[PDB]
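Input: a single structure, listed below in structure tokens.
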There are 4 protein chains.
Amino acid sequence: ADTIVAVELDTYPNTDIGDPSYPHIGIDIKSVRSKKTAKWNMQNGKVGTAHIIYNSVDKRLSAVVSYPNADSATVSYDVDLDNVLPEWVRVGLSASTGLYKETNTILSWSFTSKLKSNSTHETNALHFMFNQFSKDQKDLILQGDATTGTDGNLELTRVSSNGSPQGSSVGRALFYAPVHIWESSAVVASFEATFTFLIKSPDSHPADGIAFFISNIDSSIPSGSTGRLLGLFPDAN
Amino acid sequence: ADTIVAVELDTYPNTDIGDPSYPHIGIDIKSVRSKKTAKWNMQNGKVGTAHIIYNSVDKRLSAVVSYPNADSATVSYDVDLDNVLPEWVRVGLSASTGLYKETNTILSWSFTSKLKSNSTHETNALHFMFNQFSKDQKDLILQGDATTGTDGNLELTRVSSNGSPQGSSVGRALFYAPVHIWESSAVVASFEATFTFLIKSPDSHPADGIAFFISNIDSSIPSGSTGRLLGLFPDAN
Amino acid sequence: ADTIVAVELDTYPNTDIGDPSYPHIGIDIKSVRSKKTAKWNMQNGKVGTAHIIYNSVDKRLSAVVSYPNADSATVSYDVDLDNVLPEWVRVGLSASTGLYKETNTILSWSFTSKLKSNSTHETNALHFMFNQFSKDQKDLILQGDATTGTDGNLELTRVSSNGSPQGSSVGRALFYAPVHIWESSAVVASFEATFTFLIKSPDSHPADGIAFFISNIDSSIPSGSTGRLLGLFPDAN
Amino acid sequence: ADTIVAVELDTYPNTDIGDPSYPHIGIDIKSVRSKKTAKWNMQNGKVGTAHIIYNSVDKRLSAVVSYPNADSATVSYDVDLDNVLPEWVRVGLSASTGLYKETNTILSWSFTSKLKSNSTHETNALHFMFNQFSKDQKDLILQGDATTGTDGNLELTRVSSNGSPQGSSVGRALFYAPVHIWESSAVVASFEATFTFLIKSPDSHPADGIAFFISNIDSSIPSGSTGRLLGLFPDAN
Ligand SMILES: [Ca+2]
Ligand SMILES: [Ca+2]
Ligand SMILES: [Ca+2]
Ligand SMILES: [Ca+2]
Ligand SMILES: [Mn+2]
Ligand SMILES: [Mn+2]
Ligand SMILES: [Mn+2]
Ligand SMILES: [Mn+2]
């Protein structure tokens with residue numbers, strides 16, 4: 001099985017796998033049963049923004065989510081990612097629906113990783129920024145039901161020709177290049193990610209959510225990971 | 001009196017003001033008596049690099065210092081800088097000598113500050129990078145004995161025409177623009193700084209050190225702040 | 001008199017000073033009588049974006065302006081800016097109204113300048129990005145009628161309490177730090193700027209326009225530079 | 001055959017394929033017979049730096065090369081790259097030796113590409129920076145004799161265990177992700193690259209050179225492209 005670290009924007013409360021009884025933001029370390037959660041006042045049909053930050057000095061994975069005109073939600077968890085993830089990873093976005101559903105539309109995604117060595121300075125970095133997505137977006141690896149180019153956006157889960165979200169859908173987008181998150185000479189390693197999203201549903205109960213994740217380079221959607229598993233995990237262990 | 005937050009590279013042990021009995025890196029919050037220190041294996045005559053990082057989510061000020069071919073030293077301290085510093089600050093480098101002495105030569109200095117609001121994204125930033133310093137470096141405010149342009153470098157303390165460091169010297173360089181470190185709409189604020197330095201002395205006992213600092217915009221060198229006070233503090237309280 | 005280089009977004013045709021008979025984008029080198037113009041299909045009440053680029057190898061000042069859902073306009077002019085401007089400059093935005101009027105609202109402004117020397121690499125840079133403007137925006141020098149903080153924006157010219165633009169107004173905003181655009185060791189120097197603007201008027205004939213400019217560090221609004229002079233020039237020579 | 005655009009640092013004069021009678025920098029558009037050259041005072045055994053710049057407004061490919069303590073060389077050529085290259089490309093470094101030889105050592109490589117659309121702003125970008133290269137550098141595609149990790153560097157051509165360069169060698173390194181250089185909504189597209197290199201030879205006549213290139217995504221070393229063909233072209237047409 002893959003190795004996954006993720007920040008989840010979890011729209012549906014599954015209380016038997018430890019979700020709180022409300023939409024929430026969570027930090028997931030090798031399990032869908034988040035290590036830490038915070039209440040998230042999710043707004044159906046509004047564009048929101050998520051930010052994720054980490055560095056190897058402090059060893060704290062943190063995230064913040066907001067909408068215009070609204071207060072933010074934040075969550076943090078102390079974890080040494082070099083003890084969880086391999087030295088080379090891929091980074092991605094994932095989303096799912098089940099019997100309950102929503103659009104999982106990404107309007108923008110940026111990421112920056114840096115490795116500073118002890119050689120005079122000495123800086124190594126990767127940065128990408130998407131503010132549109134075209135039909136043939138060659139620097140993304142699309143998995144499952146994910147598509148690019150409809151209204152210039154990344155649709156992680158299936159949307160009907162009329163714009164209605166579909167149930168029982170899972171999809172992911174991974175950046176094409178592998179990312180180097182640990183190196184033996186690094187004195188500080190850091191990453192930051194931001195994405196803007198639009199979660200809409202005809203229903204009072206949207207599901208299931210969107211996640212930013214970091215994985216082994218060869219990660220793939222686990223079998224049966226629709227719905228509450230967010231396209232990330234094979235089971236709820 | 002000014003308000004100062006600093007990371008010190010302290011080359012001389014002053015044990016009556018709480019220094020450990022060796023060169024050390026420290027976090028200074030409104031006092032020269034560091035809140036946290038770590039041992040620093042300072043190398044006379046070699047170029048080193050320091051990195052300083054902070055964000056408002058985690059509220060942890062961290063620093064790392066290294067030389068080529070050597071292990072690093074690191075220190076961290078939990079502190080909410082919005083409860084210490086004003087909303088607008090200046091950022092700078094400071095150094096001093098006393099009866100013991102050293103060169104306090106800066107070969108490069110970079111800084112990045114970011115304020116992310118809840119408006120769609122919404123990013124505000126300041127970045128500067130110096131890899132040389134000319135004679136008339138109009139975007140630096142020089143204080144005390146600091147000069148620019150000798151061999152293209154920033155000499156924080158006085159150096160004789162022959163290159164010998166002088167005693168009883170203090171000097172600082174502040175970036176010209178004020179820096180916005182808190183704003184009411186920000187959901188995450190962060191800063192990072194890096195500088196490369198060359199501390200050389202003819203003597204077995206160099207003094208006194210170099211610091212990266214953040215201050216009120218109108219900060220000036222305190223009277224009598226040569227030597228152990230690092231150009232930062234009026235007394236050792 | 002100041003030395004000015006500017007890219008104008010000129011909303012009102014003043015045919016006796018060489019304007020074409022339509023709104024236009026122009027390159028202004030020490031005169032309001034542009035060296036080069038292109039037709040600009042200005043849209044009253046819509047948010048547009050302008051981009052300005054230059055480097056010292058090619059010695060070509062270029063600009064592009066667009067709106068969502070619309071084609072762009074572009075203009076270029078061959079000019080060695082080191083023969084026009086001093087080594088240190090300030091950068092700014094300017095706008096004016098006369099007997100005809102418009103709002104001259106800035107929603108965002110970014111700028112990046114780089115100087116690459118022949119020392120191993122060797123990079124020097126300044127970058128700033130504003131996506132909001134607060135009441136007391138200490139890193140901007142405001143001149144004339146310019147204000148910050150109304151709806152989080154920079155209003156270059158006066159707007160009544162009800163939001164109606166006023167006539168006979170001029171205002172500018174300059175970044176606080178001086179900018180180094182030439183240095184003797186530089187092998188390549190470049191700059192880029194972007195700003196987003198909202199020009200609205202109750203009238204079929206808006207005036208007078210918005211400009212991005214580069215000037216001597218001590219530049220000030222010339223006497224009598226309302227209206228067709230764009231807050232930039234003392235006369236129409 | 002591949003499609004190649006390159007900036008060559010050509011160390012050996014092959015006068016029957018149009019080289020000048022001295023080491024030179026050149027712009028190569030689909031042929032090893034440069035469209036434009038400039039004299040290059042190459043220094044055996046010293047670390048140099050090359051810079052390459054282009055944007056779609058000006059349609060001018062420019063390059064500058066220098067050493068510390070020395071004047072620069074520059075070359076430019078007017079060319080619309082959207083009429084030469086496909087919309088998606090890979091970027092790389094190439095080098096070769098023949099019967100004459102040299103080390104073709106890369107100490108650092110950075111690249112930035114940007115696509116600005118007409119949507120509010122709207123920025124898309126890719127950036128990478130290498131200041132070291134490890135043994136298993138997963139974000140590089142190595143071709144031919146290229147290796148990474150010896151003394152932390154990228155050795156484009158073969159070097160014996162004792163450090164002597166070998167003859168009859170060719171090697172390339174391409175960044176792993178495809179790069180988007182044209183898009184239908186872009187109003188400005190640009191790229192910049194920088195690399196630092198060390199060309200050393202025991203011989204009074206080093207050969208053959210190093211190039212930065214942009215190619216179709218599936219580019220490979222052409223058969224027989226050692227020596228004067230620089231690992232880029234199948235023949236000297
Ligand atoms: Ca759930
Ligand atoms: Ca001390
Ligand atoms: Ca006019
Ligand atoms: Ca040749
Ligand atoms: Mn959950
Ligand atoms: Mn101390
Ligand atoms: Mn005009
Ligand atoms: Mn040639």
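Each chain in the structure tokens gets a letter, A, B, ..., in the order shown, and its residues are numbered from 1; ligands are numbered from 1 in order too.
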
Could you work out which residues of chain B fall inside 7 Å of chain C? Count only C-alpha atoms, and format the result as a PDB file with C-alpha atoms, in the first residue's frame.
```
ATOM      1  CA  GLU B 122      -4.773  36.757  -1.545  1.00  0.00           C
ATOM      2  CA  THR B 123      -1.117  37.412  -1.499  1.00  0.00           C
ATOM      3  CA  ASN B 124       0.961  40.329  -0.316  1.00  0.00           C
ATOM      4  CA  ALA B 125       4.783  40.112  -0.189  1.00  0.00           C
ATOM      5  CA  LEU B 126       8.103  41.884   0.161  1.00  0.00           C
ATOM      6  CA  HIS B 127      11.404  40.287  -0.969  1.00  0.00           C
ATOM      7  CA  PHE B 128      14.919  41.614  -1.237  1.00  0.00           C
ATOM      8  CA  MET B 129      18.265  39.944  -2.025  1.00  0.00           C
ATOM      9  CA  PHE B 130      21.715  41.502  -1.738  1.00  0.00           C
ATOM     10  CA  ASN B 131      24.748  39.542  -3.063  1.00  0.00           C
ATOM     11  CA  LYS B 138      20.520  53.738  -1.091  1.00  0.00           C
ATOM     12  CA  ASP B 139      18.098  50.993  -0.018  1.00  0.00           C
ATOM     13  CA  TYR B 176      14.865  51.066   3.813  1.00  0.00           C
ATOM     14  CA  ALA B 177      11.184  50.076   3.435  1.00  0.00           C
ATOM     15  CA  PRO B 178       9.003  49.344   6.502  1.00  0.00           C
TER      16      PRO B 178
END
```

I'd like the superposed chain B, fitted onto chain D by least squares over all Cα atoms in order, as a short mmCIF file (atom, residue, chain, number, x, y, z; two decimals) with C-alpha atoms, in the first residue's frame.
```
data_model
loop_
_atom_site.label_atom_id
_atom_site.label_comp_id
_atom_site.auth_asym_id
_atom_site.auth_seq_id
_atom_site.Cartn_x
_atom_site.Cartn_y
_atom_site.Cartn_z
CA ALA B 1 14.04 14.41 -36.25
CA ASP B 2 13.70 16.52 -33.10
CA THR B 3 13.08 20.26 -33.13
CA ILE B 4 15.86 22.15 -31.33
CA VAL B 5 16.39 25.73 -30.19
CA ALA B 6 19.67 26.22 -28.32
CA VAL B 7 22.23 28.67 -26.93
CA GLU B 8 25.70 27.15 -27.54
CA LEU B 9 28.95 27.82 -25.64
CA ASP B 10 31.11 26.48 -28.50
CA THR B 11 34.72 25.87 -27.43
CA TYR B 12 36.18 24.59 -30.75
CA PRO B 13 36.11 26.42 -34.11
CA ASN B 14 34.78 24.21 -36.94
CA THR B 15 35.10 26.72 -39.79
CA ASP B 16 33.45 24.46 -42.47
CA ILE B 17 30.12 24.58 -40.62
CA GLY B 18 30.26 28.36 -40.23
CA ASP B 19 31.92 28.69 -36.85
CA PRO B 20 34.09 31.81 -36.48
CA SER B 21 37.82 31.13 -35.93
CA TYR B 22 37.59 31.40 -32.12
CA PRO B 23 35.46 30.10 -29.18
CA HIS B 24 32.04 31.74 -29.41
CA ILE B 25 28.48 31.94 -28.04
CA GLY B 26 25.75 31.28 -30.62
CA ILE B 27 21.97 31.04 -31.14
CA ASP B 28 20.96 27.83 -32.92
CA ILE B 29 17.46 27.60 -34.51
CA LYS B 30 16.98 24.09 -35.94
CA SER B 31 20.62 23.89 -37.16
CA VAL B 32 24.15 23.69 -35.70
CA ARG B 33 25.02 26.55 -38.11
CA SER B 34 24.20 29.37 -35.71
CA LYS B 35 21.94 32.20 -36.81
CA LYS B 36 24.05 34.67 -34.77
CA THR B 37 27.42 34.39 -32.95
CA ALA B 38 29.66 36.52 -30.72
CA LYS B 39 33.29 36.06 -29.68
CA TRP B 40 33.68 34.32 -26.30
CA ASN B 41 36.97 34.60 -24.33
CA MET B 42 36.62 31.16 -22.79
CA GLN B 43 38.85 30.48 -19.70
CA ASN B 44 40.05 26.90 -19.25
CA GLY B 45 39.53 25.79 -15.65
CA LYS B 46 37.46 28.73 -14.37
CA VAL B 47 33.77 28.67 -13.30
CA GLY B 48 31.56 30.73 -15.63
CA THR B 49 27.87 31.68 -15.74
CA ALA B 50 25.43 31.82 -18.65
CA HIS B 51 22.01 33.57 -18.72
CA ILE B 52 19.31 33.02 -21.39
CA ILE B 53 16.13 35.19 -21.70
CA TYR B 54 13.09 35.34 -24.01
CA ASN B 55 9.52 36.68 -24.06
CA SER B 56 6.67 36.37 -26.57
CA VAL B 57 6.01 40.13 -26.81
CA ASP B 58 9.50 41.02 -28.04
CA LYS B 59 10.31 37.72 -29.77
CA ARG B 60 14.07 38.06 -29.16
CA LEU B 61 16.20 35.19 -27.78
CA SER B 62 19.21 36.67 -25.88
CA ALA B 63 22.11 35.26 -23.92
CA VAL B 64 25.02 36.58 -21.81
CA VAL B 65 28.08 34.64 -20.55
CA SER B 66 30.75 35.87 -18.06
CA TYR B 67 33.48 34.92 -15.62
CA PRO B 68 34.43 36.68 -12.37
CA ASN B 69 36.94 39.53 -13.02
CA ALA B 70 36.13 39.50 -16.77
CA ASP B 71 33.92 41.29 -19.30
CA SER B 72 30.85 39.52 -20.66
CA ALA B 73 29.92 38.25 -24.13
CA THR B 74 26.34 38.57 -25.48
CA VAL B 75 24.31 37.45 -28.49
CA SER B 76 20.71 38.07 -29.58
CA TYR B 77 18.47 36.89 -32.42
CA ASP B 78 14.92 37.96 -33.45
CA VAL B 79 12.79 34.80 -33.65
CA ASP B 80 9.15 33.96 -32.84
CA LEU B 81 9.59 30.74 -30.90
CA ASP B 82 5.90 29.88 -31.27
CA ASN B 83 6.65 29.40 -34.96
CA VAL B 84 9.58 27.07 -34.24
CA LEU B 85 8.71 24.99 -31.15
CA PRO B 86 5.60 23.04 -30.14
CA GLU B 87 3.32 24.30 -27.36
CA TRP B 88 4.78 21.80 -24.85
CA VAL B 89 8.58 21.31 -24.65
CA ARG B 90 11.32 19.92 -22.45
CA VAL B 91 14.32 22.06 -21.42
CA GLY B 92 17.84 20.71 -20.99
CA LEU B 93 21.62 20.98 -20.99
CA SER B 94 23.79 19.11 -23.55
CA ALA B 95 27.55 18.75 -24.11
CA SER B 96 30.00 16.74 -26.17
CA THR B 97 33.64 15.88 -26.87
CA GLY B 98 35.24 14.36 -29.97
CA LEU B 99 38.89 13.68 -30.74
CA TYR B 100 39.52 16.95 -28.80
CA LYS B 101 38.06 17.02 -25.27
CA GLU B 102 37.16 18.87 -22.03
CA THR B 103 35.16 18.40 -18.85
CA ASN B 104 31.58 19.68 -19.21
CA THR B 105 30.72 20.13 -15.55
CA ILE B 106 27.49 21.85 -14.39
CA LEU B 107 27.57 23.29 -10.89
CA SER B 108 24.07 24.91 -10.88
CA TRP B 109 21.05 25.27 -13.19
CA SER B 110 17.86 27.35 -12.74
CA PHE B 111 14.88 27.93 -15.01
CA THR B 112 11.64 29.98 -14.76
CA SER B 113 8.74 29.93 -17.26
CA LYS B 114 5.62 32.09 -16.96
CA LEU B 115 2.32 32.30 -18.89
CA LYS B 116 0.14 35.35 -18.01
CA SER B 117 -3.48 35.06 -19.22
CA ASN B 118 -6.23 37.67 -19.60
CA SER B 119 -8.19 36.21 -16.67
CA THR B 120 -7.77 38.37 -13.49
CA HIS B 121 -4.20 38.42 -13.39
CA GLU B 122 -3.61 35.52 -14.23
CA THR B 123 -0.39 33.80 -13.54
CA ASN B 124 0.91 30.35 -14.36
CA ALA B 125 4.56 29.40 -13.69
CA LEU B 126 7.19 26.70 -13.40
CA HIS B 127 10.51 27.27 -11.56
CA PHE B 128 13.33 24.96 -10.61
CA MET B 129 16.78 25.57 -9.10
CA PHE B 130 19.58 23.03 -8.72
CA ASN B 131 22.72 24.03 -6.73
CA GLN B 132 23.74 20.42 -6.22
CA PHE B 133 23.04 17.16 -7.89
CA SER B 134 22.89 13.89 -6.09
CA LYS B 135 23.55 10.31 -7.27
CA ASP B 136 19.83 9.58 -7.93
CA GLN B 137 18.45 12.89 -9.17
CA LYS B 138 14.92 11.71 -9.99
CA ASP B 139 13.72 15.02 -11.45
CA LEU B 140 16.33 14.87 -14.23
CA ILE B 141 16.22 12.68 -17.32
CA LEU B 142 19.87 11.78 -18.03
CA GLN B 143 20.83 10.78 -21.57
CA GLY B 144 24.07 9.37 -23.00
CA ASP B 145 27.12 9.70 -20.77
CA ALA B 146 25.65 12.25 -18.30
CA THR B 147 25.95 11.45 -14.59
CA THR B 148 25.04 13.18 -11.34
CA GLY B 149 26.53 13.14 -7.88
CA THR B 150 30.31 13.19 -8.47
CA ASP B 151 31.43 15.97 -6.12
CA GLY B 152 27.72 16.89 -6.06
CA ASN B 153 27.82 18.07 -9.74
CA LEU B 154 26.26 17.18 -13.08
CA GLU B 155 29.00 15.80 -15.43
CA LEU B 156 27.48 15.98 -18.92
CA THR B 157 30.34 14.07 -20.58
CA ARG B 158 32.50 11.20 -19.33
CA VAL B 159 35.33 11.85 -16.86
CA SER B 160 37.76 9.13 -15.89
CA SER B 161 38.14 7.98 -12.30
CA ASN B 162 41.13 10.26 -12.02
CA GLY B 163 39.24 13.31 -13.27
CA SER B 164 40.61 13.35 -16.89
CA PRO B 165 38.00 14.18 -19.52
CA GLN B 166 37.38 11.59 -22.19
CA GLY B 167 36.96 11.96 -25.88
CA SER B 168 34.07 10.78 -28.07
CA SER B 169 31.46 11.49 -25.39
CA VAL B 170 27.94 13.02 -25.46
CA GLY B 171 25.45 13.54 -22.65
CA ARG B 172 22.35 15.53 -21.75
CA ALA B 173 20.10 16.32 -18.77
CA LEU B 174 16.43 17.30 -19.26
CA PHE B 175 14.05 18.53 -16.56
CA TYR B 176 11.48 15.80 -15.87
CA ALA B 177 8.27 17.86 -16.23
CA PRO B 178 7.09 19.12 -19.66
CA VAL B 179 7.01 22.93 -19.89
CA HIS B 180 4.11 24.93 -21.36
CA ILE B 181 5.53 27.76 -23.52
CA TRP B 182 2.41 28.80 -25.46
CA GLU B 183 -1.27 28.78 -24.50
CA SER B 184 -4.19 30.29 -26.38
CA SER B 185 -5.21 32.67 -23.55
CA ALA B 186 -1.67 33.86 -22.76
CA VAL B 187 -1.06 37.58 -23.22
CA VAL B 188 2.66 37.28 -22.33
CA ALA B 189 4.85 34.17 -22.08
CA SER B 190 8.48 34.31 -20.91
CA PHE B 191 11.35 32.12 -19.85
CA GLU B 192 14.76 32.63 -18.24
CA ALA B 193 17.53 30.16 -17.56
CA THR B 194 20.90 30.37 -15.78
CA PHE B 195 23.63 27.77 -15.44
CA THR B 196 27.15 27.73 -13.95
CA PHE B 197 29.77 25.58 -15.60
CA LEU B 198 33.41 24.45 -15.34
CA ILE B 199 35.10 23.56 -18.65
CA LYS B 200 38.66 22.21 -18.04
CA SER B 201 41.04 20.46 -20.35
CA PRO B 202 44.68 19.31 -20.23
CA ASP B 203 44.94 20.56 -23.82
CA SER B 204 45.49 23.89 -25.57
CA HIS B 205 42.46 23.05 -27.78
CA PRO B 206 39.41 22.06 -25.68
CA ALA B 207 36.27 20.75 -27.44
CA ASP B 208 33.36 20.74 -28.09
CA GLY B 209 31.08 22.85 -25.85
CA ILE B 210 27.92 23.05 -23.72
CA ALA B 211 24.42 24.16 -24.78
CA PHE B 212 21.12 25.08 -23.07
CA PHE B 213 18.33 23.77 -25.31
CA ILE B 214 14.55 23.55 -25.69
CA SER B 215 13.08 20.64 -27.59
CA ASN B 216 10.07 18.47 -28.29
CA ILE B 217 9.18 16.60 -25.09
CA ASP B 218 10.40 13.24 -26.44
CA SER B 219 13.83 14.54 -27.67
CA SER B 220 16.75 12.10 -27.55
CA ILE B 221 20.45 12.32 -28.47
CA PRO B 222 20.75 12.01 -32.27
CA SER B 223 22.94 9.18 -33.58
CA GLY B 224 26.48 10.36 -34.28
CA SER B 225 26.15 13.70 -32.49
CA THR B 226 29.45 13.63 -30.62
CA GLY B 227 31.98 16.35 -31.28
CA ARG B 228 30.91 19.38 -33.31
CA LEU B 229 27.14 18.44 -33.20
CA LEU B 230 26.95 19.11 -29.43
CA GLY B 231 24.53 16.20 -28.74
CA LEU B 232 21.82 18.30 -30.46
CA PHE B 233 21.76 17.69 -34.22
CA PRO B 234 21.99 14.64 -36.51
CA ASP B 235 24.04 16.46 -39.17
CA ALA B 236 25.59 19.83 -39.94
CA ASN B 237 22.88 21.03 -42.28
#
```

Sel. of strand (DSSP E) residues, stretch 109-153 of chain C, as a ChimeraX atom specification: /C:109-117,123-130,140-144,147-150,153
